[PDB]
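> piece number one of the complex, untouched:
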Amino acid sequence: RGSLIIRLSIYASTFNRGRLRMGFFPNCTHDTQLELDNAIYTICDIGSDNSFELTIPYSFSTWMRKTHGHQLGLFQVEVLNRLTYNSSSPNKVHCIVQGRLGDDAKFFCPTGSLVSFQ
Amino acid sequence: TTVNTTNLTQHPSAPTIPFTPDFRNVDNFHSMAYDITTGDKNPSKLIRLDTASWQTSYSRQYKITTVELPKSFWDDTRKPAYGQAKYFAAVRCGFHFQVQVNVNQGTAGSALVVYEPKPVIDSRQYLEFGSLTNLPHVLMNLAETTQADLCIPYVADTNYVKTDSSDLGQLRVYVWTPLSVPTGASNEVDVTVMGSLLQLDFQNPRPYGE
Amino acid sequence: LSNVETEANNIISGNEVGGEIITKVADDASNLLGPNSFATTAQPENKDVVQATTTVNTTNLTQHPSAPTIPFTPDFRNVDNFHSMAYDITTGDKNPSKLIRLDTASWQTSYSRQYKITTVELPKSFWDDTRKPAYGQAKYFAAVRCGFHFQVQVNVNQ
């Protein structure tokens, strides 16, 4: 049990700027459009300077969840306004996204698994 | 008795509860930490309402993007402005607005955001612009501030307003200083408004469709 | 910078010893100190503020704010009253929960004692009901936890 704190980190030079959002549904379904406007949000301005964050609270029935391919949510990034560029500028700007689990989390019981082995 | 409906029954039997029910009220344990919410608290949150258009075809006094009256949460296909207000007919609520316009650095042009409060939009008459500048407004200088905050307490003639029909406030973004275009860079900075609703009241029920 | 401005002043008081006039040391230099002062202040104060508004389930992180910009003395409410259709408020909070009809008609003697009668559906039966919440709000959210209260009515002729 615990959340998957997520980070988006955008890289562009100092000149250009832009906003964009981040959808995540904690169930979840099959793609599944602008209901990403329904669910959770988190606006993004870039900027000086990155990076960012949006969390999730732990959402499910029961208490434990299975850690195999049972379930988790859905994630898009959505451009709302453009990321502009000047005549001397990068013209192309981008992202990296890395998650981690904590700080409420914890694990219960062992098992042999495995991925062979690796 | 229950909300809006009384049941008067003349020949009771007995409560007939199963064992020691002590029923709740999570739980927890937890069941998806999200609590609770609305409506009370889901019906009120920021929401998207806008679109894209721009460039130089617009002289300063040329309109831009009008955002609709309180009907515009109803006909919105998402939050309450659909479920619960598609039940009840009466709405009284404040309004909170964040407007977002982000440009690419190196350009300058102004945006104007005004909240006409139903003044018979009459024909606005042609010289009245300042005028149009006395109202609870906001003047965005796009060189720097990339977002803008606004809060409208609603005021209208009547003490309540019909859900989708009789409205009240109409957002209008007007351009100010048609935008400057260095050569060369993208031609469209578009617009967005994202809204949120204060402590909110529906009243006076009515059947489903109406 | 900071001390330099007050150096322009202290020069002013340099020539102020001349009541003429009065003086304050042509031309009104008496302030060359500036308004605390050529620095910074607000505009590109940036971070110059960064904002980070929040609403239910949705955060808005915006990097270049301007100003709240409220119209006059808003003091906004919260009826009213005056009154506006005394019904308050309700639900959801309190409209979504109330008695509701769920049933139908059938009977006579074709039924032996152990023969079933009328099964009323699981919590789906408020959702697919075309009226109260079990339609609007639950047609948004996916998760439900609630108690249940029932009145069953069967009236016969004496």
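Ah, there it is. Numbers count the residues shown, from 1 in each chain, chains lettered A, B, ... in the order given.
> what's in contact with the lengthiest helix in chain C?
Identified as the longest helix of chain C according to DSSP state H is helix C:2-16. Contacts to helix C:2-16, defined as Cβ atoms under 8 Å, 6 or more residues apart in numbering or on different chains, come from residues C:23-25, C:29-34, C:37-39. No exception for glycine: its C-beta is placed from N, CA and C like everyone else's.
> Equivalent analysis for stretch C:56-65, please.
Outside stretch C:56-65, the residues within contact range by Cβ under 8 Å, 6+ apart are A:17, A:19, A:39-48, A:52, A:54, B:34, B:37-38, B:41-42, B:44-46, B:98, B:100, B:144-149, B:194, C:46, C:48-54.
> List the residues that contact the residue sitting furthest away from the middle of chain A.
Computed with Cα atoms, centre = their mean, the residue of chain A farthest from its C-alpha average is residue A:87, at 31.8 Å. When contacts are counted by Cβ under 8 Å, 6+ apart, residue A:87 touches B:182-185.
> want to try a markdown table for the contacts of helix C:2-16, with secondary structure and distance to chain A as columns?
Shown next, in a markdown table, are those (DSSP: H, G, I helix; E, B strand; the rest coil; distance: Cβ to the nearest Cβ, whole Å):
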| residue | secondary structure | distance to chain A |
| --- | --- | --- |
| C:23 | coil | 46 |
| C:24 | coil | 42 |
| C:25 | coil | 42 |
| C:29 | coil | 38 |
| C:30 | coil | 39 |
| C:31 | coil | 34 |
| C:32 | coil | 33 |
| C:33 | coil | 31 |
| C:34 | coil | 27 |
| C:37 | coil | 25 |
| C:38 | coil | 23 |
| C:39 | coil | 19 |
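> Residues of chain C that sit close to chain A?
C:46-47, C:55, C:57-64, C:140, C:142-143 (Cβ under 8 Å from any Cβ of the partner chain).
> Let me have the residues you listed in JSON lines, extended by neighbour count and distance to residue C:151.
As requested, the residues of chain C next to chain A are exported to JSON lines (neighbours: other Cβ atoms under 10 Å in any protein chain shown; distance: Cβ to Cβ, whole Å):
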{"residue": "C:46", "neighbour count": "15", "distance to residue C:151": "63"}
{"residue": "C:47", "neighbour count": "10", "distance to residue C:151": "60"}
{"residue": "C:55", "neighbour count": "19", "distance to residue C:151": "39"}
{"residue": "C:57", "neighbour count": "18", "distance to residue C:151": "36"}
{"residue": "C:58", "neighbour count": "22", "distance to residue C:151": "40"}
{"residue": "C:59", "neighbour count": "19", "distance to residue C:151": "44"}
{"residue": "C:60", "neighbour count": "22", "distance to residue C:151": "46"}
{"residue": "C:61", "neighbour count": "22", "distance to residue C:151": "50"}
{"residue": "C:62", "neighbour count": "24", "distance to residue C:151": "52"}
{"residue": "C:63", "neighbour count": "24", "distance to residue C:151": "57"}
{"residue": "C:64", "neighbour count": "26", "distance to residue C:151": "58"}
{"residue": "C:140", "neighbour count": "19", "distance to residue C:151": "28"}
{"residue": "C:142", "neighbour count": "13", "distance to residue C:151": "29"}
{"residue": "C:143", "neighbour count": "13", "distance to residue C:151": "27"}
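> now for chain D, put it on the one above:
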Amino acid sequence: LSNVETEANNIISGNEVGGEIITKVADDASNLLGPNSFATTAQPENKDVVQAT
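Placing chain D onto the earlier chains gives this:
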């Protein structure tokens, strides 16, 4: 800026008189004040530090 954020708040408390719910004034606006706050803070704080090892 600084006082304006707390003006967004003081509006929130404007509609908070409504325990509903609770509220804190949809949607969690209870913070539109921001984190002290859209300014500055660290990044291009520059000088934002200058070092001189």
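> try the contacts of helix C:2-16 again now we have chain D.
Applying Cβ under 8 Å, 6+ apart, the contact partners of helix C:2-16 are C:23-25, C:29-34, C:37-39.
> Beyond it, next helix or strand please.
Sequence-wise, the next helix or strand downstream of helix C:2-16 (DSSP states H and E) is strand C:54-55.
> For the contacts of helix C:2-16, which two are the farthest from each other?
Greatest spacing in the contacts of helix C:2-16, by Cβ to Cβ: C:23 and C:39 (26.8 Å).
> Span of stretch C:90-99 from start to end?
15 Å (Cα to Cα, to the nearest Å).
> Stretch A:25-45 and chain D, any residue contact?
No - applying Cβ under 8 Å from any Cβ, one finds stretch A:25-45 separated from chain D by no less than 9.2 Å.
> What's the end-to-end length of that stretch?
The first residue of stretch A:25-45 is 22 Å away from its last residue (Cα to Cα).
> rewinding a little: who has more neighbours out of residue C:23 and residue C:39?
residue C:23 (17 against 10; other Cβ atoms under 10 Å in any protein chain shown).
> Pick out the residue in chain A sitting closest to chain B.
For chain A, the residue closest to chain B is residue A:84, as judged by Cβ to the nearest Cβ, at 2.0 Å.
> can I assume that residue is in contact with residue B:103?
Yes - the pair residue A:84 / residue B:103 is scored as a contact, 6.1 Å apart, by Cβ atoms under 8 Å.
> Please enumerate the shared neighbours of those two.
A:17, B:189.
> For the longest helix of chain C, output the C-alpha coordinates as PDB.
What follows is helix C:2-16, C-alpha atoms only, in PDB (Å, rounded to 0.1, in the frame of the first residue of the first chain):
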ATOM      1  CA  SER C   2      21.300  51.400  -1.600                       C
ATOM      2  CA  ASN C   3      23.800  53.600   0.200                       C
ATOM      3  CA  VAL C   4      24.600  55.500  -3.000                       C
ATOM      4  CA  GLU C   5      21.100  56.900  -3.200                       C
ATOM      5  CA  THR C   6      21.300  58.200   0.300                       C
ATOM      6  CA  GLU C   7      24.700  59.600  -0.800                       C
ATOM      7  CA  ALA C   8      22.800  61.700  -3.400                       C
ATOM      8  CA  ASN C   9      20.600  62.800  -0.500                       C
ATOM      9  CA  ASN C  10      23.500  63.500   1.900                       C
ATOM     10  CA  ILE C  11      24.800  65.700  -0.900                       C
ATOM     11  CA  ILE C  12      21.500  67.400  -1.000                       C
ATOM     12  CA  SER C  13      21.700  68.100   2.700                       C
ATOM     13  CA  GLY C  14      25.200  69.100   1.600                       C
ATOM     14  CA  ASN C  15      23.700  72.200   0.000                       C
ATOM     15  CA  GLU C  16      20.600  72.400   2.200                       C
END
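> okay, chain E goes in next:
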Amino acid sequence: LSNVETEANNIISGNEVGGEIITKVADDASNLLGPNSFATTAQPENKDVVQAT
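The block that follows adds chain E to the chains above:
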């Protein structure tokens, strides 16, 4: 009967611990106790009075 009605109530207070809202426990159930109460009262109270002018 008499205690059962107050059992419907005590259930109401069962879910009242939820200020929402407020509550009194949808829908205004806060009274399922009835008016003292489905009994009797006056009409066929008979004897329900007998007179004897």
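> Report the buried residues of the longest helix of chain C.
Residues C:5, C:8-9, C:12, C:16 are the ones in helix C:2-16 that count as buried (16 or more other Cβ atoms under 10 Å in any protein chain shown).
> Residue of chain C nearest chain E, please.
For chain C, the residue closest to chain E is residue C:97, as judged by Cβ to the nearest Cβ, at 3.0 Å.
> could you list every residue that touches that residue?
Neighbouring residues of residue C:97 by Cβ under 8 Å, 6+ apart: B:2-3, C:91, C:132-133, C:146, E:26-27.
> Ok, residue A:44 next?
Counted by Cβ under 8 Å, 6+ apart, residue A:44 has contacts A:8, A:10, A:19-22, A:52, C:61.
> And for residue C:24?
So residue C:24 contacts C:12, C:16, C:30 (Cβ under 8 Å, 6+ apart).
> Ok, residue C:23 next?
Residues in contact with residue C:23 (Cβ under 8 Å, 6+ apart) are C:12, C:15-16, C:30.
> got CSV for these, with distance to residue B:189 too?
As requested, those are exported to CSV (distance: Cβ to Cβ, whole Å):
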residue, distance to residue B:189
C:12, 48
C:15, 53
C:16, 53
C:30, 46
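> so which of these would you say is closest to residue A:28?
Closest approach between the contacts of residue C:23 and residue A:28, by Cβ to Cβ: residue C:30, at 68.2 Å.
> one step back: out of the buried residues of helix C:2-16, which one sits closest to chain B?
When the buried residues of helix C:2-16 are compared against chain B (criterion: Cβ to the nearest Cβ), the nearest one is residue C:5, at 25.3 Å.
> Please report phi then psi for the residue of chain B found nearest chain D.
Here the residue of chain B nearest chain D is residue B:44; by Cβ to the nearest Cβ that distance is 3.0 Å. Main-chain dihedrals, residue B:44, degrees, to the nearest 10: phi -120, psi 110.
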